[PDB]
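Asker:
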Amino acid sequence: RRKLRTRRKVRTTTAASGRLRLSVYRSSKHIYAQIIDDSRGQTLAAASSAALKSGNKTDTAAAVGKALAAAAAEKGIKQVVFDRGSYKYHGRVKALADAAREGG
Amino acid sequence: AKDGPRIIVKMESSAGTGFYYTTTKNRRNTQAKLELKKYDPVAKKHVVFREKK
Amino acid sequence: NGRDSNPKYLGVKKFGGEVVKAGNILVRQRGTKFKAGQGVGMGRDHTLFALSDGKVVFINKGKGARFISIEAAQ
Amino acid sequence: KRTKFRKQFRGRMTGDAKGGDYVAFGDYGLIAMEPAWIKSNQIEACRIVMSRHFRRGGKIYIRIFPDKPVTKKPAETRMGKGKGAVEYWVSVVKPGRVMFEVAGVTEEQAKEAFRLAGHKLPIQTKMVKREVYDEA
Amino acid sequence: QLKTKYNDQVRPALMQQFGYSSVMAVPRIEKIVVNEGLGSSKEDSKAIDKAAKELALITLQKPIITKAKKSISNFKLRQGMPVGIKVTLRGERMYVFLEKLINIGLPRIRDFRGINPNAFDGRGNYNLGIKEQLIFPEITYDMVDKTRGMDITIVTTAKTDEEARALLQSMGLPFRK
RNA sequence: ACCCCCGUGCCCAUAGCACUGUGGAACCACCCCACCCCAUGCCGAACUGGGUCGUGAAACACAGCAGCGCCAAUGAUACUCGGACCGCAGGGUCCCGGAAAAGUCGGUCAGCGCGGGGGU
RNA sequence: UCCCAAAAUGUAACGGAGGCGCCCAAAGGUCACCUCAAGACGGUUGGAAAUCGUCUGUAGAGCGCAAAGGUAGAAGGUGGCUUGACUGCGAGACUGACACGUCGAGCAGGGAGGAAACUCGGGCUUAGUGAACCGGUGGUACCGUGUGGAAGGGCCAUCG
Ligand SMILES: [Mg+2]
Ligand SMILES: [Mg+2]
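If you read the protein sequences in the order shown, they are chains A, B, C, D and E. So for the first sequence, my numbering puts the first residue at 1205; every next one is plus one. So for the second sequence, my numbering puts the first residue at 65; every next one is plus one. So for the third sequence, my numbering puts the first residue at 818; every next one is plus one. So for the fourth sequence, my numbering puts the first residue at 44; every next one is plus one. So for the fifth sequence, my numbering puts the first residue at -12; every next one is plus one.
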């Protein structure tokens, strides 16, 4: 049950990668799209759909992902390595990926 | 690496035009007929490659 | 029976404190006793090796999971 | 006496006493004072003999089961490997190991049973009394 | 069809007899697993379709032929061979079969007297000891192969047996008084 | 600044289980629906899409509790590097250092970071 | 493969035990998903085990075979797609008296799976094999004793 999230954490190499990693918490209706450093346990841009949602808790799946990439432009990020938990990369979570891969 | 009538055998490799061997230890035990694959020989690559002698 | 036997080998090759090089073999083992740390790769036969230059570093978190990292000098 | 199932062979080594205690499962006890090998047959020797001196009771404990197989010479020669798998079982015993212990009976009734079951043994022994309280 | 009486004749009747502080803590019905005894003593490749079809017409769902546990004892046991069957009903299809069991199944049974009242699973669940299959509204001996038995298991979300027995009887379950 | 919640690290049982209490719409979970994108060799349990009420029961978080786990002295002892001896022998002793295990005292059911959110 | 082996490695005996001379188009690569043995309680051809359900459960299972190590974030179990069980190479190391054997990042020509980072040059590893000579087959064209061919010979692979 907790195996799905770890299978993508041990999988996504941290150090040897050199890259960063983007997490995602969409088991509910509250995506964070938090971005985390490979060595340092800090956070850079950190997106979330908490500050308003305009009555949308499902459709903003792509709005937050566009907001993220744009929010990352102010830091200097080129490469992002995604790290979903128990998410088979379907729809709600796919919108983030797509939106933060062309909006960057 | 014994070699008798027993099941499984050492296989020569051919190709569409290509003239190259892969040397593979097959076996007549289960599905024993479709010994076809895709091993690019020195060449453009992507050649139909069946070890089936 | 007297018959049967095997020379065998295994063990550790690069100990901690030592200065490795890109390709030096660190520890040989059968299973996964020493897990590949930072700077250290792992062969089919769980044979640990080094990717670049640096220093041998052992890490132990209460047995079970061993780790070996390489701290570059420069 | 003999084990019900084991590996078969063994080796040989004598260190100091480890798991031997002054008193348990009774009041009086008998302790060795010399390292040696106590044969299975020797244990039968002691047990039977103490049962002759004790008509009823059955309060005779023997917690030194032999767990040590020994080899033996079948005939002659030396052109061979493990010789004599089945010979006898011996239980190792180190000074301060309790072999025997009795209870219910008096003082005199105990000085006889240990005495007697002392002459059979390859080593010296002494009989003790209570005043030990280590673990329980 | 059902569900309406599943609540009114249950939930409100529970806070008026016990004392729930929540409509969520109210004992519910999770699933009804059906097991099929096949093979072993009766190793027949024909008997497999006998149950495979019938089970798929009585509960309206394709069952799964659970093989052996890879255990080879002294008697007739093999490594990995279809011997068991699993028919888990939950949700819509659950109440569909359940209702049929309380209205037609149990009532329409020869020498029927009821079911053992003693508390069965002591974890808040319950189990049924169904046997003969010639007592179902879907099973027609005039168009089958042979005659066999089936096992039904009632899986609920009760905490205790006291709250389980209540739920079962109120929903529709006869007992031998 | 105060506190709390959520996400994610270091640490990876002296930070674990059990028992008990607290938390109700900021957050979390259950729950409701789910013909279709997707999916459980059967079941939308779990994945999953669209979202009210209700509830906090369960889960989770926190707090007390330490009966149980875990961690674990001091002293002494086993053993041993070194030196020096005894018995016919299985063995054993003295001097000088290092120094267990177990058990006991006792210790504590963490601490230390980053980001975001909602409250005073 | 363990033990002897006396806490690096190594170390003998007609010392103590148990295996191998294979297997697999998948048990491969990769990509996703599932988590065990057993006991207790209650249930129908059962009545020991087993089929089902619910709890306990650092796994006391499993990993094709012998054993040890190791594995719960899997080297446990399934499914989709594939033929990297590829070719031309290999800094630097382990190991041996030599000969062999073992691990390997990276680079190149081309492919596989995934959105992707990334991984893959056989299978959890350690046995499942053996020099040279001689010969068979395919390939490629270097030699070919006057020249141009050919026989033959070499080389690449591979078989006995
Ligand atoms: Mg040694
Ligand atoms: Mg010759």
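Note that the Cβ used here is the ideal one computed from N, Cα and C, for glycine as well.
Between the C-alpha atoms of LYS49 (chain E) and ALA39 (chain E), what's the straight-line distance to the nearest angstrom?
Answerer: Within the fifth sequence, residue 49 (chain E) is the residue found at index 62, counting from 1. Within the fifth sequence, residue 39 (chain E) is the residue found at index 52, counting from 1. So the alpha carbons of these two residues sit roughly 8 angstroms apart.
Asker: Sort E:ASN61, E:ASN(-6) and E:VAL70 by Cα distance to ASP31 (chain E) and report the nearest one.
Answerer: Position 44 of the fifth sequence, counted from the start, is the residue given in the question as residue 31 (chain E). It is E:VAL70 whose Cα lies nearest to the Cα of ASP31 (chain E).
Asker: By DSSP's criteria, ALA853 (chain C) is part of a beta bridge. Which residues make up the other side?
Answerer: The residue given as residue 853 (chain C) occupies position 36 in the third sequence. Paired residue(s): C:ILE885.
Asker: On the CB-based measure, 16 or more other CB atoms within 10 Å of its CB, does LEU(-11) (chain E) come out buried or exposed?
Answerer: Sequence index remark: in the fifth sequence, residue -11 (chain E) carries index 2 (1-based). Exposed, because fewer than 16 other Cβ atoms sit within 10 Å of the Cβ of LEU(-11) (chain E).
Asker: Over what stretch of residues does the beta strand (DSSP E) that includes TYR131 (chain D) continue unbroken?
Answerer: As a position in the fourth sequence, residue 131 (chain D) is number 88, starting the count at 1. Run containing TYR131 (chain D): 131 to 136, per the beta strand (DSSP E) assignment.
Asker: With a CB to CB cut of under 7 angstroms and the five nearest residues on each side skipped, what residues in its chain are close to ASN93 (chain B)?
Answerer: Indexing the second sequence from 1 puts residue 93 (chain B) at position 29. The residues are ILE71 and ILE72.
Asker: Please check the pair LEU1226 (chain A) and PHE1286 (chain A), which I expect to be a contact at CB under 8 angstroms, by giving their CB distance rounded to whole angstroms.
Answerer: For the purposes of this step, residue 1226 (chain A) is taken as the residue at position 22 of the first sequence. For the purposes of this step, residue 1286 (chain A) is taken as the residue at position 82 of the first sequence. With a Cβ gap of about 5 angstroms, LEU1226 (chain A) and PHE1286 (chain A) count as contacting.
Asker: Could you check whether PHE832 (chain C) and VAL874 (chain C) sit closer than 8 angstroms to each other, using their CB atoms as the reference points?
Answerer: The residue you call residue 874 (chain C) lines up with position 57 of the third sequence. The residue you call residue 832 (chain C) lines up with position 15 of the third sequence. Result no, Cβ atoms of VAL874 (chain C) and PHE832 (chain C) do not sit closer than 8 angstroms.
Asker: Straight-line CA distance for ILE1239 (chain A) to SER58 (chain E)?
Answerer: The residue given as residue 1239 (chain A) occupies position 35 in the first sequence. The residue given as residue 58 (chain E) occupies position 71 in the fifth sequence. Each residue's Cα considered, the two are about 50 angstroms apart.
Asker: What are the complete beta strand (DSSP E) segments, minimum 3 residues, inside the region 1218 to 1258 of chain A?
Answerer: Runs found: 1225 to 1227.
Asker: Do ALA67 (chain D) and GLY139 (chain D) have their C-beta atoms within less than 8 angstroms of each other?
Answerer: Position 24 of the fourth sequence, counting from 1, holds the residue named residue 67 (chain D). Position 96 of the fourth sequence, counting from 1, holds the residue named residue 139 (chain D). Cβ distance not < 8 angstroms, so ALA67 (chain D) and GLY139 (chain D) don't count as in contact.
Asker: Measuring straight from C-alpha to C-alpha, what distance separates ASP104 (chain B) and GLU115 (chain B)?
Answerer: Taking the second sequence and counting its residues from 1, the one referred to as residue 104 (chain B) is at position 40. Taking the second sequence and counting its residues from 1, the one referred to as residue 115 (chain B) is at position 51. C-alpha separation (whole angstroms): 12 angstroms.
Asker: Any chance the region 19 to 34 of chain E sits against the region 91 to 106 of chain D, with 3 or more Cβ pairs inside 8 angstroms?
Answerer: Taking 8 angstroms as the limit for Cβ pairs, the verdict is that the region 91 to 106 of chain D does not touch the region 19 to 34 of chain E.
Asker: Taking the C-alpha atoms as reference points, what is the distance between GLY63 (chain D) and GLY879 (chain C)?
Answerer: Indexing the fourth sequence from 1 puts residue 63 (chain D) at position 20. Indexing the third sequence from 1 puts residue 879 (chain C) at position 62. About 34 angstroms.
Asker: Who are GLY72 (chain D)'s beta bridge partners in DSSP?
Answerer: By one-based count along the fourth sequence, residue 72 (chain D) stands at place 29. Paired residues: D:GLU144 and D:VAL171.
Asker: Classify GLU155 (chain D) as buried or exposed, calling it buried when 16 or more other Cβ atoms lie within 10 Å of its own Cβ.
Answerer: Along the fourth sequence, one-based indexing puts residue 155 (chain D) at 112. Exposed.
Asker: Roughly how many angstroms lie between the CA atoms of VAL74 (chain E) and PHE5 (chain E), to the nearest whole one?
Answerer: For the purposes of this step, residue 74 (chain E) is taken as residue 87 along the fifth sequence, with counting starting at 1. For the purposes of this step, residue 5 (chain E) is taken as residue 18 along the fifth sequence, with counting starting at 1. For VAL74 (chain E) and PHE5 (chain E), the distance between alpha carbons rounds to 34 angstroms.
Asker: Quick one, which of C:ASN877, C:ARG847 and C:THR864 has its alpha-carbon nearest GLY840 (chain C)'s?
Answerer: Along the third sequence, one-based indexing puts residue 840 (chain C) at 23. Among C:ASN877, C:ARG847 and C:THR864, the Cα nearest to that of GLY840 (chain C) belongs to C:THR864.
Asker: Just grab the DSSP bridge partners of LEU76 (chain E) for me.
Answerer: Stepping through the fifth sequence from its first residue, residue 76 (chain E) is reached at position 89. Answer by DSSP bridge pairing, in chain order: E:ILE19.
Asker: Please classify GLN120 (chain E) as buried or exposed, where buried requires at least 16 other C-beta atoms within 10 Å of its C-beta.
Answerer: If you number the fifth sequence from 1, residue 120 (chain E) lands on position 133. The residue is buried, with at least 16 neighbouring Cβ atoms inside 10 Å.
Asker: So, at 6 angstroms on beta carbons, what are the nonlocal neighbours of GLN1283 (chain A) in its own chain, with the 5 sequence-adjacent residues on each side left out?
Answerer: For this step, residue 1283 (chain A) is matched to residue 79 along the first sequence. Closer than 6 angstroms at the Cβ level, and outside the excluded window around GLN1283 (chain A), lie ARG1223.
Asker: Using only the alpha-carbon positions, how far apart do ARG1215 (chain A) and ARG1206 (chain A) sit?
Answerer: Walking along the first sequence from the start, residue 1215 (chain A) turns up at place 11. Walking along the first sequence from the start, residue 1206 (chain A) turns up at place 2. Distance between the alpha carbons of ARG1215 (chain A) and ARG1206 (chain A): 14 angstroms.
Asker: Quick test of the definition: if touching needs 3 or more C-beta pairs under 8 angstroms, does the region 99 to 118 of chain E touch the region 80 to 87 of chain E?
Answerer: Taking 8 angstroms as the limit for Cβ pairs, the verdict is that the region 80 to 87 of chain E does not touch the region 99 to 118 of chain E.
Asker: Under 8 angstroms between the Cβ atoms of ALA1266 (chain A) and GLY1308 (chain A)?
Answerer: By 1-based counting over the first sequence, the position of residue 1266 (chain A) is 62. By 1-based counting over the first sequence, the position of residue 1308 (chain A) is 104. No, they are not a contact pair.
Asker: Would you list the residues sitting across from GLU119 (chain E) in a DSSP beta bridge?
Answerer: Stepping through the fifth sequence from its first residue, residue 119 (chain E) is reached at position 132. In DSSP, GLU119 (chain E) forms a bridge with E:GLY136.
Asker: Which of the three DSSP states is assigned to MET859 (chain C) in this structure?
Answerer: Counted from its first residue, the third sequence places residue 859 (chain C) at position 42. It is a strand residue.
Asker: Starting from the C-beta of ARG91 (chain B), find all residues in its chain whose C-beta is less than 7 angstroms away, skip the five residues before and the five after it, and write them out in chain order.
Answerer: Start at 1 with the first residue of the second sequence, and residue 91 (chain B) comes out as number 27. Counting only Cβ-Cβ distances below 7 angstroms, and skipping sequence neighbours, we find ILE71 and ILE72.
Asker: Just verifying my parser: in three-state terms, what is the DSSP assignment at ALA60 (chain D)?
Answerer: Position 17 of the fourth sequence, counted from the first residue, corresponds to residue 60 (chain D). Looking at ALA60 (chain D) - three-state DSSP - the assignment turns out to be coil, as it is neither helix nor strand.
Asker: Is DSSP giving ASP1287 (chain A) helix, strand or coil here?
Answerer: By 1-based counting over the first sequence, the position of residue 1287 (chain A) is 83. Residue state, collapsed to three classes: strand.
Asker: Can you confirm whether the region 86 to 94 of chain D touches the region 104 to 123 of chain D when touching is taken to mean that 3 or more C-beta pairs between the two stretches lie within less than 8 angstroms?
Answerer: Cβ pair count under 8 angstroms is three or more, so yes.
Asker: Helix, strand or coil, according to DSSP, for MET2 (chain E) in the structure here?
Answerer: For the purposes of this step, residue 2 (chain E) is taken as the residue at position 15 of the fifth sequence. It is coil, neither helix nor strand.
Asker: Please report how far the alpha carbon of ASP70 (chain D) lies from the alpha carbon of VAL133 (chain D), in whole angstroms.
Answerer: As a working note, residue 70 (chain D) is residue 27 in the fourth sequence. As a working note, residue 133 (chain D) is residue 90 in the fourth sequence. Spanning the two alpha carbons is a distance of roughly 27 angstroms.
Asker: With a CB to CB cut of under 6 angstroms and the five nearest residues on each side skipped, what residues in its chain are close to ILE52 (chain E)?
Answerer: The residue given as residue 52 (chain E) occupies position 65 in the fifth sequence. Same-chain partners within the cutoff: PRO69 and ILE72.
Asker: Which partner residues does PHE875 (chain C) have in the DSSP bridge list?
Answerer: Along the third sequence, read from residue 1 onward, the residue named residue 875 (chain C) stands at position 58. BP columns for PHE875 (chain C) point to C:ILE885.
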